[PDB]
Amino acid sequence: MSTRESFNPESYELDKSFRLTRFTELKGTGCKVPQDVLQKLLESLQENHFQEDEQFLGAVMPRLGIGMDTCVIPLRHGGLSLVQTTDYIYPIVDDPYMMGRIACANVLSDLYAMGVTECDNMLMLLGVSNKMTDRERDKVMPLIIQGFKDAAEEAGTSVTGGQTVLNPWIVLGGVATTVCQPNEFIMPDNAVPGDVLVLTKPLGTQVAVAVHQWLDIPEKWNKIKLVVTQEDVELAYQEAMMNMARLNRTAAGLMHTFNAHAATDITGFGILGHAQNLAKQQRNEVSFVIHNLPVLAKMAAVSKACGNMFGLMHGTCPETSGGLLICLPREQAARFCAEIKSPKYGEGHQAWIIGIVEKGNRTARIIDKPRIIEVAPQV
Amino acid sequence: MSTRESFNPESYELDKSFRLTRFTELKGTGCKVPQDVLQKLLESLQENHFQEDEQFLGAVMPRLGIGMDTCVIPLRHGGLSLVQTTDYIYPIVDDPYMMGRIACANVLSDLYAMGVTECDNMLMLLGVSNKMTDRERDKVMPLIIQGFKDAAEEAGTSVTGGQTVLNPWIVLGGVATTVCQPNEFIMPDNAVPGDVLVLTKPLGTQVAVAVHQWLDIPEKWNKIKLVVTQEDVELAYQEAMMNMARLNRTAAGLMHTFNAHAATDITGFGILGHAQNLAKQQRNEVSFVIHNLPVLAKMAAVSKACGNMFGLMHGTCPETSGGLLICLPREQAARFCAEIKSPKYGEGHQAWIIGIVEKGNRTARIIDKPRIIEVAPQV
Amino acid sequence: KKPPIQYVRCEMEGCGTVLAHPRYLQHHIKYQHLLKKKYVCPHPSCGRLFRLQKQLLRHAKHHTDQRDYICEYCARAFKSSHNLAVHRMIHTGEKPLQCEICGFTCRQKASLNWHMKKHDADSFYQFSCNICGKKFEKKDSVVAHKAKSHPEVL
Amino acid sequence: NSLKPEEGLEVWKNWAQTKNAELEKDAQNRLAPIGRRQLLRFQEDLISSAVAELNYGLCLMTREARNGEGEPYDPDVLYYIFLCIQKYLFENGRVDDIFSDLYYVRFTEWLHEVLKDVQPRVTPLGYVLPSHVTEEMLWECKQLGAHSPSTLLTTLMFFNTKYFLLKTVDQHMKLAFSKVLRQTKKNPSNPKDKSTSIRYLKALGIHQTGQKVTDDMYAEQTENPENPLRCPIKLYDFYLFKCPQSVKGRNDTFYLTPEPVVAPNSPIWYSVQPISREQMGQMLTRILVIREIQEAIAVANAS
Amino acid sequence: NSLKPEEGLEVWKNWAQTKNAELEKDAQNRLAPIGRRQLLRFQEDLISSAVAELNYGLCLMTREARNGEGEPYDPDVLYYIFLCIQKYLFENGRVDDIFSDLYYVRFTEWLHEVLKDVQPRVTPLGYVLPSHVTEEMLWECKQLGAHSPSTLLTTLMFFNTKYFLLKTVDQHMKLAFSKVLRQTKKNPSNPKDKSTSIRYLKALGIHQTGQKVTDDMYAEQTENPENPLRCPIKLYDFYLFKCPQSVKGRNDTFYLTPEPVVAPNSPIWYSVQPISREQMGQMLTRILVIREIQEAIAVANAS
DNA sequence: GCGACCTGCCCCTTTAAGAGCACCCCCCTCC
DNA sequence: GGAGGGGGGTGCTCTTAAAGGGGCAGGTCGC
Ligand SMILES: [Zn+2]
Ligand SMILES: [Zn+2]
Ligand SMILES: [Zn+2]
Ligand SMILES: [Zn+2]
Ligand SMILES: [Zn+2]
């Protein structure tokens, strides 16, 4: 099933009317309808008054790590820190095998944000849809496990453990944990004026996914035909699938090499959503500006047709296993992308300089008229 | 809040017909609608063939830990081990604070099943029901978060981080993690003939919780109005809510003190289901046999009257935040229960010896006519 | 032909019993609260008064010595099927019952009652026979003691 | 000290370098037991080594440990090197006991295979070659004492083989708790003497019957006030005080299997199950390489 | 002399016992800055102490050391003790640099406070007392060399003060990349012309109307081929090979702030942002107590 | 002074017997 | 034809008390 380039529901003794995405209610705004309320809840569960303790009368680094993702917790033994992340997404891709890889990669995007390049253990959560027929389960769930474990193996870890629950929508998840020394991870708070931002993956996969789900039903496809041809949905869908399944492991290794002040993952809240969070945790008085957005090919046009559901040009487009958003000095950034594009071992990918960093009030924002780069699909 | 006797929705200015359990689709089989299906799925999640590695030419300790729970992962530096778990509980109690406390205790139990009395870190999962009034969401999630954090506080830890997602049902969970030395946890593969099994919490929480949702339906209530009145149903509900919120930290401490061999957490599946899973780990050729079944007041009768919906007697009734199932030598067990009944350190709690460890081929069972040690309703 | 399973209750004062089918209610009421009669055992000296026809048939076996139950292993005889069933446990070497404090396993509740003397528990018990204050825990055991001991006959 | 951890660390470093060179020249894939996907390469430092990697590494040293000149180590100095490694591990935050912990059982078996055929060497002009291991050396490595159930059991074995003159495994296996009797034997001349000693009948084969001499036929252990932590009677009483009441008063076996899980305040450390002949032999054969015991048994048999 | 890490650990242990006694005495509520809810207790052993605990303890020690029995140490000795602690941490697996790592910024400030008011320890025969800290002591530790960017910066500052004779921070600030020049001066050995040297403006005096001074009025830094890792020049070339390209050629600054994130193969270590004045002062004060430099400046005043 | 023998009393287990429910079997039935 | 009621007898699980064998502990006689 790994070598196969696509999915054939009939070949697995299943009716072709079987869509993995049928088990979730895809909404244009993404997995979570509200962001501020959801962000308020996440802050509430990340907020502990006793955690400050007047900075222990010393220089104490945050126990919430980034403050918004990938908490770092000191240990009692050998001055070690426990870095761990978690993120659960629902099926967004028809292919069952590739879906597990996406779930694994998403769970590690937050871990590669802090700079950790290796992981020790990796659990998972596998929710089985009660609406799923029993015979379908025996030939759909195993592929998810296969892909999840293959992605973990490629990440340099073993999926040891897990959990199974019954839930009306397929819930894919996991927690990645690393026990690393202080000299192996990057705390993202050293952003300084005069630094540029780098994005490792093209933005706007949710648009391609939604457009591909709409492809079958004509109650919504008819209008989109005028702006974009149907064939362009398939190629963009393939590119989004492939990109979401490639790990940021190479990117994490290069952050150490090229003096990365800060980094984060564009996952679930949008490039603007996670730029504000990143800029809210810079100890200096610095703000971020996004002068560019590398949208996936011919998805920007479809974004405008329905500006409310997607809202890509404005930046608040949810993403699933997006790239890292680093803050490098201009001199190094020119070399960061050059190295990542053409690695020695192979399997390279492009990266863009989306914007610049200037003195501000610890908040990010997109210029009124950002430029959109149509990243040519690989083929 | 813990101090308040109960939860009155009008105190928070919500609708009187608001029951937190309304969101979940409760069933007699509960979250484990099929058990064999989810047993196989959990096994698949924890399946790893390369771990044998020619046995490392020796008695290499197993990485999966209990094989099915609390996987232990050796680390590169320090000679330490990573001991972490995860569990997800849907709401079953009308008190959101107590429900969050129960969720945290359930997540933590699997650490205590291996004699880990201290947890370094804990994450969280906070599902948000779609079919939940946005006004209600603001008055409930703070209570659930407060309960989770209070339960973590009572466990000598602090929840820092997590993830917030939207699901049709409220989903609560966590990831308890610990980095501890080999002299801090217990590997449950040391059972020997002549041992006795000790249970720290009474069974039947599922039945009492489910019945409370029938206290409103006149159709379902009339079925069991003869067996059990309403007042004792309320007593059983209160106690199953209070018992499900305790912590097994004292159990783990006295487990280390009194030469315990193996232990496991009765969460889901059933007391027999967990014992059978436990028996498959033992190096020795042993077989458990359960001769008693502690149960709350007036719960076996309801299990009889409700047909195969629950199945207490056969030990297939799934449980939430169930107590440990320890394996001690006789004299320690005799001393074990007396001390846990009157621990000078804290508050009293009972424990029952429910079986013996006969010699067999790694399987458990229940005698044809087991006894029911009715657990007085805290009187 | 098994009737669908419901539950009913006799409303007689002091009768809190519940029957697993509507059919059994009339049998219960007749045989407990209505069918009031006295019978004297045919044996000259037994002198025990029984109120049911059925009880006499069993009591006939008590005075006679027509054993019919033969153990499979030791070929011993017994006066009742359940007696033999209990006896079979010895050869099979099974000890199902188990005290929940000290894990002392036995083969009958007679032994388990003796063990409970150790783990002092008569204080928790509330029931007691009005004749000699036997201090029981449940109610059916009270009738058992009134039958075996403190008999009410002639 | 008379025990030098630096020697153990150096020996381990040399062996690890050799083994890593062998693995890298072989260039055949192999994965370490640790969770992270890493190629198996023995840490040149002992401390970072995993529990499973130590067991495999230490086992090989018994067949592949060389010295600076290249001559393979003799059994006595090899046991001494392993004691040095244990001291090193205890000094650097580790807690595993490479001789008693269950995960290290294979290492003990290989060590016993090494030490099985050890006999005194008279090659030096001196008619006796003093072994490098010593009583105070083990006491320093925490192998003897009330530290843990296994070490305590070994300590009792050490004091029996020294005083009672029990050398063969069969002799210990004949030893039972009932036979070992403790008496006050307080001497009224010495006020508040509070004397104590454990006495055991000897299995001396002679035609004559009866008690010819009380002292000749019964060995005793003498209280040692110099270090109460070394007194055989203090370790013996502490042994019984940490044993189930059931075994006491029995006449079958004296050494009890350690419980896998114990705590500093656990009332009972041992299980009623006696130790098997394999473990008994492994413990004894190691306790028959010390120099104190060797010369003590030398004295007894000659006279 | 050399370093004695055990003595530093002894100082830490004494201070830890005293501070834990005080903590128990006050009977307040204070929580350790770790994941577990454990009351703050300063580990009697350094290695198992978190970064926050280590920072806080090191700060209080400079006031509460009382290392001498009833006697506190002079500012010179404290530097020796903390160098010993750093060596102990290096030797025991830790990766903490208590001097330059950004997490310990609070500590270094306190040492600067204690040391800035240097009071020479004079004797009737004159203040010829050489401090207990020496160049070999810093180089035995990781402070001076080319291991981390901060160590490289302090090594360059050390060499500047030891050969160019820069005795105050203001003198240092005046130095810039363009001012220093690499000269491949002809060596006395004709066949070998390889060695170079770096010179800086010094004793420039007054340039009024082209006032004539000796064409050689600078202080050189010749090669030291005894150890390639100590050479003044190789470290200068290494430094300029790690600084950002744009920095070179300017006259604004010489000492560059190191990037917080660095890797062994990182092509550029520093950032254009020049070092702060307070950082100049702290590094200078820490580098000025070393006995060797005192002699270097001592000869200058004499001559 | 120490033991063997007889006998008394308590301990714990096994056999004997009652209580009541669930069940089957037969018969009858008026709709 | 018929499912439901009436009448009768019966096995099974639970419970308790009575009988009984084993063993600890006295008093008496002998060595
Ligand atoms: Zn009635
Ligand atoms: Zn009769
Ligand atoms: Zn029989
Ligand atoms: Zn008991
Ligand atoms: Zn009575």
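Method of structure determination, per the deposited record: cryo-EM was used for this entry, reaching 3.26 Å resolution.

Description of the overall build of chain A
Summing up its helical and strand segments, chain A has 10 helices and 12 strands in all. Scaling as 2.2 N^0.38, a compact globule of 379 residues should have a C-alpha radius of gyration of about 21 Å, and chain A matches this with 20 Å. On the principal axes, the C-alpha backbone points of chain A span a range of 65 × 45 × 45 Å. Expressed as a percentage of its 379 residues, the buried residues of chain A come to 65%. Of the contacts formed within chain A by residues at least 6 apart in sequence, a portion of 84% connects residues at least 24 apart. Mean positive and mean negative side-chain charge positions of chain A (34 and 42 charges, respectively) differ by 4 Å.

Details of the coordination of the zinc ion (ligand 2)
Residues and elements named next belong to chain C. In this structure, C41 (SG), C46 (SG), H59 (NE2) and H63 (NE2) serve as the protein donors to the zinc ion (ligand 2), at separations of 2.0 to 2.3 Å. Every donor residue of the zinc ion (ligand 2) comes from the same chain, spaced as C-x4-C-x12-H-x3-H. In this pair, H59 and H63 both sit in helix α2 (residues 53–63), four residues apart, roughly one turn of the helix.

Things to note about the coordination of the zinc ion (ligand 5)
The reference angle at a metal is 109.5 degrees if four donors form a tetrahedron and 90 or 180 degrees if six donors form an octahedron. All names here are of chain C. At the metal site, the zinc ion (ligand 5) is ligated by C129 (SG), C132 (SG), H145 (NE2) and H150 (NE2), and these contacts range over 2.0 to 2.3 Å. Each of the four donor atoms bound to the zinc ion (ligand 5) contributes to angles spanning 89 to 140°, and the resulting shape is irregular. Every donor residue of the zinc ion (ligand 5) comes from the same chain, spaced as C-x2-C-x12-H-x4-H. Remark: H150 occurs in the segment after α5 (140–148) and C129 occurs in the loop between α4 (109–118) and α5; sequence separation between them is 21 residues. Judged by its relative accessible area of 3%, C129 is buried.

A look at the nonpolar core
Residues and elements named next belong to chain A. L108, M141, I271, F288 and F336 are the most contacted members of the largest nonpolar core, which totals 121 residues. At 12 residues, the largest contribution of residues to this core is made by helix α2 (residues 96–113). The residue makeup of this core includes at least three contributed by each of domain 1 (14–184) and domain 2 (195–372). Other than its neighbours up to four places away in sequence, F336 contacts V198, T200, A251, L254, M255, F258, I326 and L328.

Definitions and limits used
- Summary of conventions: residues on each chain are numbered from 1 in written sequence order, possibly unlike the entry numbering, and any residue without coordinates is omitted from what is shown.
- Chains carry letters from A onward and ligands carry numbers from 1 onward, assigned in written order.
- The side-chain figures draw on all heavy atoms in the structure; neither hydrogens nor water molecules are used.
- Only DSSP runs of H or I covering at least 4 residues are called helices, and only runs of E covering at least 2 are called strands; the numbering of each starts at the N terminus.
- Taken over C-alpha atoms, the radius of gyration is set against a globule rule of 2.2 Å times the number of residues to the power 0.38.
- Only protein chains enter the calculation, and the probe is 1.4 Å; a residue is then buried if its accessible area is under 20% of its type maximum, exposed if over 50%, and partly exposed in between.
- We call two residues in contact when some of their heavy atoms are within 4.5 Å.
- Positive: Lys, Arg. Negative: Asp, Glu. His and the chain ends are not part of the count.
- Note on charges: their place is set at NZ of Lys, CZ of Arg, CG of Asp or CD of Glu.
- The donor set covers N, O and S atoms within 2.8 Å of the metal, switching to 3.2 Å for Na, K and Ca, and it leaves out water, so a site may look short of donors.
- Sites are called tetrahedral only when four donors show all angles between 85 and 135 degrees, square planar or octahedral only when four or six donors show opposite pairs over 155 degrees and all other angles between 65 and 115, and irregular in any remaining case.
- Side-chain atoms within 4.5 Å are what join buried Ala, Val, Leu, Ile, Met, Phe, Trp, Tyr and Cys residues into a set we call a nonpolar core.
- What marks off one domain from the next here is an automatic or database domain assignment.

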